[PDB]
Every structure is written in C-alpha cells, then in structure tokens.
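Everything on this sheet refers to the single structure shown next.
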Amino acid sequence: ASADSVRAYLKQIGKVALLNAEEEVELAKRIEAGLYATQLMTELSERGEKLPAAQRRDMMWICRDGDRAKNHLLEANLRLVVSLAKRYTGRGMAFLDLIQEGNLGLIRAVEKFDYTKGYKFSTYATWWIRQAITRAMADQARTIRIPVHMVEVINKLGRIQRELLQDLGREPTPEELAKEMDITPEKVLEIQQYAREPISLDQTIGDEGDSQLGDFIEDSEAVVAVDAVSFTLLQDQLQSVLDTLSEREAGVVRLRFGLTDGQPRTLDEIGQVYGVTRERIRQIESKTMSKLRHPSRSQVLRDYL
Amino acid sequence: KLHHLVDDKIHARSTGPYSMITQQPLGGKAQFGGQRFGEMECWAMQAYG
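Below is the structure:
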C-alpha cells in the first residue's frame, strides 16, 4: 500500500546529506553572490551592455549556482523542519499541512537572513519555522476564523484556567481568571464563549449509526404556512378598509406607510405630491387614524396583531 | 395498569416544525413530526395504482 504520504515524504527528505557551519558559510556566500549577480544582470540588461561572452556566461553560471545552493540548503534543513513541527500535532491542523507551512517559514528564514553574524543556520531559522507553524495553526485551524491576537489571548486563558484548575484542584472562577490575567470577567467569559468548537451535524446521536443531529433541528426560520396566508388576508382586509377612506385619506395613509411601493413617504413628500403644507398632511393623518380607530373598521383588523 | 397510556401515544400534525438540511417534516412526539410513509407503503399504493 504505502498510502502513508507521511512516509512518502520522510523517505524522500532523508536523502540529501546534512550540512555544517562550514558548508553553511560557503552556501550562504554562494547564494548571496548569485542574488547580487542576477540583480546586476537585470540592471545591465536595461539600457545597458553588450556583455563579453565569458563574463556573461559565467555570471549566468553564478546566477544558476546561487539557486542550486539555495535549494541545497532547503533540502538540507527539511529534516529540521520536521523535527520542529512534530511537537504541534495531536490538535488542530494535520501533520503534513504543518510541514508545508513550516517549509514556508523556512523559505522566509533563509531569505531574510545573514551569515556575517556568525551563527549556525538552525539558531535563527528555528525561530522563523516555529513562528510560521504557529501562524498557520492560528489562522487556518478553526473553522470560524478567529484572528491571531484573539487566538493568543485564547491560549493564555486556556493555560491559566488549566494550570489554576490543577493548582486550585477546583476549576477557576471567572473573577479568579480575570484577576490573574488582569482582564475583566466579561472578557474571560467572551473568550471562553469563543473557544467553543462548532459541533458536527454529522454525529450518530443514536447508538446505531442511523440517527444524525441534522435530522432533529427545527429550522426556526421556515414559512409558518398559516402566517403567510394570514399576511395575505391582512393585506386584503386592510386594503378594503383603507378603500373605505376618502381619496385624500386613502392616499395619505398609503403613502405615509408605504403600502404602494414599499417606500415610506414622509410628510413633506406627501404634501409636495399633493401640493399642500405638511401641517395639513399631519392633520389629515391624525383625522384618518382616529377614524380607523373607530371599532367599525378596527375590530376587523385587531386579530392580525 | 401498564404504562402504555393513550395520552402518551395519540399524535397529530397539520403543519409544524421542519428538518434542517433536508426539508422534510420532523420526527417524534417531542416535536410534532409526521409518520414515516416508508418504502413499503409506497409499494402498497403503487400496487393499488
């Protein structure tokens, strides 16, 4: 089978021989020389030079040799990436994705780099690789993406609550944790509420594998059937009652409450389209409302409310 | 007197809650739900035509 891509990868990365500070200095010098060489080739390419054949040929050799050295060092330290990444499994992301993100962090560490400080590569890279793995595990782990500042404070709360659970024996209280972390209890509660892991709708709530949670969740947003027909009836009854009003009255009501287009017109607009003052509109409004409050045309529409 | 009283068993639904992923009526007396018009009943009413 050999289906384990973990193995398909480890047996692959066990090939390239491991290097030392001596070869590291040589490699870094070659990489830097190549990057400088390609920078100058780009500079002299623009508006520039009909280069000598030997000079041009071997500076291209340097340009490619720098990439060879870069890739050689990357292959050399893949093993280091694995050794640093193994410790962040058992939770969240999967091992392979972590290895790839740690590889990205390693590209960053070798890129943004220096050797004149006279330090073995791992010292500096370890920091970057750890940072990259943590960055990935923070962003691309939880389904609902929670950003990294919130993630770090979540982890600090988790550590404090756990350690003080063991220290106290009893579970810490929200004020105990709020005082410890020098934050407020409502913030403690908010963070705890943000640590909740979305359960899966795919779970055998029954003992045998036939009953799923998704088959017992009333959707409290569906059409109530009776509510929709009731709204249609309300539309009809209200339309009739308003038609009992006079033309001016029916118009003012419909426009004032947007029964004709869904746009609620206000007093100034209504007075403008009727060519009167808004005080007159408000008076017609009050008169009409009082007329409708009369039980004759009121009790018909009471039930809908 | 056994514990299979009618008041625990009688049930009715005209329109009630609805499941989430699929849009079927829900299940069980705790909710309203309907009775599973299962495969064998589909065969029975295919046989009638």
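Keeping their order, the protein sequence lines are chains F and C.
Take the position in the first sequence, starting the count at 1, then add 222; the result is the number in the authors' numbering.
Take the position in the second sequence, starting the count at 1, then add 1031; the result is the number in the authors' numbering.
No residue lacks a Cβ here, since even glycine has one placed at the ideal position from N, Cα and C.
>> Here's the rule: buried if 16 or more other CB atoms are within 10 angstroms of the residue's CB, otherwise exposed. What is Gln505(F)?
In response: On the first sequence, residue 505(F) is found 283 positions in, with the first residue counted as 1. Per the 10 Å Cβ criterion, exposed.
>> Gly324(F) and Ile355(F) - do their beta-carbons sit closer together than 8 Å?
In response: On the first sequence, position 133 is the one that residue 355(F) refers to. On the first sequence, position 102 is the one that residue 324(F) refers to. Cβ distance < 8 Å, so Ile355(F) and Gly324(F) count as in contact.
>> Against chain F, with Cβ distances strictly below 8 Å, would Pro1056(C) count as a contact?
In response: One-based indexing of the second sequence puts residue 1056(C) at position 25. At a cut-off of 8 Å, the C-beta of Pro1056(C) has no neighbouring C-beta in chain F.
>> Taking the alpha carbon of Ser344(F) as the reference point, which residue from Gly288(F), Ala243(F), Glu443(F), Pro420(F) has its own alpha carbon closest?
In response: As a working note, residue 344(F) is residue 122 in the first sequence. Here the closest residue by C-alpha is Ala243(F).
> If you draw a straight line from the alpha carbon of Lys378(F) to that of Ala358(F), how long is it in whole angstroms?
Replying inline: Your numbering for residue 378(F) matches position 156 in the first sequence. Your numbering for residue 358(F) matches position 136 in the first sequence. Spanning the two alpha carbons is a distance of roughly 18 Å.
> In this structure, does DSSP put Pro1056(C) in helix, strand or coil?
Replying inline: Reading the second sequence from its first residue, position 25 is the one you call residue 1056(C). If DSSP states are grouped into helix, strand and coil, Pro1056(C) belongs with the strands.
>> Distance check for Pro274(F) and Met263(F), CA to CA, integer angstroms please.
In response: Along the first sequence, read from residue 1 onward, the residue named residue 263(F) stands at position 41. Along the first sequence, read from residue 1 onward, the residue named residue 274(F) stands at position 52. When rounded, the distance between both Cα atoms is 12 Å.
> What does DSSP give as the partner residues of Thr426(F) in its beta bridges?
Replying inline: As a first step, residue 426(F) is located in the first sequence; it is residue number 204 there, counting from the start. For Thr426(F), which the question treats as bridged, DSSP gives the partners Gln434(F).
>> Our contact map puts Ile492(F) next to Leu481(F) with C-beta atoms below 8 Å; I'd like the distance itself, whole angstroms only.
In response: Here residue 492(F) refers to the residue found at position 270 of the first sequence. Here residue 481(F) refers to the residue found at position 259 of the first sequence. Contact flag wrong, Cβ pair sits at about 13 Å.
> Got a sec, what are the start and stop residues for the alpha helix (DSSP H) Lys251(F) sits in?
Replying inline: Here residue 251(F) is taken as the residue at index 29 of the first sequence, counted from 1. From DSSP, the alpha helix (DSSP H) with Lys251(F) extends over 243-267.
> For the putative contact between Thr510(F) and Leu467(F), defined by C-beta atoms under 8 Å, what is the C-beta separation to the nearest angstrom?
Replying inline: Counted from its first residue, the first sequence places residue 510(F) at position 288. Counted from its first residue, the first sequence places residue 467(F) at position 245. About 6 Å separates the CB atoms of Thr510(F) and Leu467(F); that is less than 8 Å, so the two are in contact.
>> Taking the alpha-carbon of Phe438(F) as reference, which of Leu1033(C), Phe1068(C), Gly1080(C), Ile1052(C) has the nearest alpha-carbon?
In response: Residue 438(F) sits at position 216 when you count from the first residue of the first sequence. Restricting attention to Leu1033(C), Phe1068(C), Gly1080(C), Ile1052(C), the CA atom closest to the CA of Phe438(F) is found in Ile1052(C).
> DSSP three-state call for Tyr496(F): helix, strand or coil?
Replying inline: Working through the first sequence from its first residue, we reach residue 496(F) at position 274. Assignment of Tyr496(F) by DSSP, reduced to helix, strand and coil, places it in the helix class.
> Does any C-beta atom of chain F lie closer than 8 Å to the C-beta of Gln1066(C)?
Replying inline: Here residue 1066(C) corresponds to residue number 35 of the second sequence, with the count starting at 1. No, its Cβ sits nowhere closer than 8 Å to a Cβ of chain F.
> Rounded to a whole number of angstroms, what is the C-alpha to C-alpha distance between residue 541(F) and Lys339(F)?
Replying inline: Since the first and last residues shown for chain F are 223 and 527, residue 541(F) lies out of range.
> Between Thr499(F) and the rest of its own chain, which residues show a CB-CB distance below 7 Å, the 5 nearest in sequence each way excluded?
Replying inline: As a position in the first sequence, residue 499(F) is number 277, starting the count at 1. Here the set comprises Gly493.
>> Pairs of beta-carbons, one from the stretch 367-387 of chain F and one from the stretch 403-416 of chain F, closer than 8 Å: are there three or more?
In response: yes
> According to the Cβ coordinates, are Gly256(F) and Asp226(F) closer than 8 Å?
Replying inline: For the purposes of this step, residue 256(F) is taken as residue 34 along the first sequence, with counting starting at 1. For the purposes of this step, residue 226(F) is taken as residue 4 along the first sequence, with counting starting at 1. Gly256(F) is not a Cβ neighbour of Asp226(F), given a cutoff of 8 Å.
> Between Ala1043(C), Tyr1049(C), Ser1050(C), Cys1073(C), which lies nearest to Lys1060(C) when the distance is taken from Cα to Cα?
Replying inline: Translated into the one-based positions of the second sequence, residue 1060(C) becomes position 29. Of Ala1043(C), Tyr1049(C), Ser1050(C), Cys1073(C), the residue nearest in Cα terms is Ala1043(C).
> What do you get for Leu1057(C), buried or exposed, if any count of 16 or more other CB atoms within 10 angstroms of its CB means buried?
Replying inline: In the second sequence, residue 1057(C) corresponds to position 26, counting from 1. Counting Cβ neighbours within 10 Å, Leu1057(C) comes out buried, since at least 16 surround it.
>> Residues in the same chain with beta-carbon distance under 8 Å from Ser452(F), minus the five sequence neighbours each way, listed in chain order, please.
In response: Taking the first residue of the first sequence as position 1, residue 452(F) is located at position 230. So the list reads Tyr526, once near-sequence residues are dropped.
> For a contact meaning CB atoms closer than 8 Å, what does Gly436(F) contact in chain C?
Replying inline: For the purposes of this step, residue 436(F) is taken as the residue at position 214 of the first sequence. Neighbours of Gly436(F) in chain C, taken as residues at a C-beta separation under 8 Å, are given in chain order as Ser1050, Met1051, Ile1052.
>> Taking the straight line between their C-alpha atoms, what separation do you get for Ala450(F) and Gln459(F)?
In response: Here the question's residue 450(F) lines up with position 228 in the first sequence. Here the question's residue 459(F) lines up with position 237 in the first sequence. So the two alpha carbons sit approximately 14 Å from each other.
> Considering only C-alpha positions, which residue in the set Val495(F), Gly436(F), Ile321(F), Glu374(F) is nearest to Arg229(F)?
Replying inline: Here residue 229(F) refers to the residue found at position 7 of the first sequence. From the listed residues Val495(F), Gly436(F), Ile321(F), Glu374(F), the smallest Cα separation to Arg229(F) is found for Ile321(F).
> Name the chain C residues whose beta carbon is nearer than 8 Å to that of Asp226(F)?
Replying inline: Taking the first residue of the first sequence as 1, we reach residue 226(F) at position 4. In chain order: nothing, as chain C lies at least about 34 Å away.
> Who are the Cβ neighbours of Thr260(F) in its own chain at under 7 Å, not counting the five residues just before and after it?
Replying inline: Along the first sequence, one-based indexing puts residue 260(F) at 38. Correct list, in chain order: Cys285.
>> Please report whether the beta-carbon of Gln1062(C) lies at a distance below 8 Å from any beta-carbon of chain F.
In response: Start at 1 with the first residue of the second sequence, and residue 1062(C) comes out as number 31. Yes, because at least one Cβ of chain F sits closer than 8 Å to the Cβ of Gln1062(C).
> Using CA coordinates, which residue listed in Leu295(F), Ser508(F), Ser224(F), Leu435(F) is at the minimum distance from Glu245(F)?
Replying inline: Your numbering for residue 245(F) matches position 23 in the first sequence. The candidate whose alpha carbon is nearest that of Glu245(F) is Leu295(F).
>> Run through the DSSP bridge pairs and tell me what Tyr1049(C) is partnered with.
In response: Locating residue 1049(C) in the second sequence gives position 18, counting from the first residue. Partner(s): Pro1056(C).
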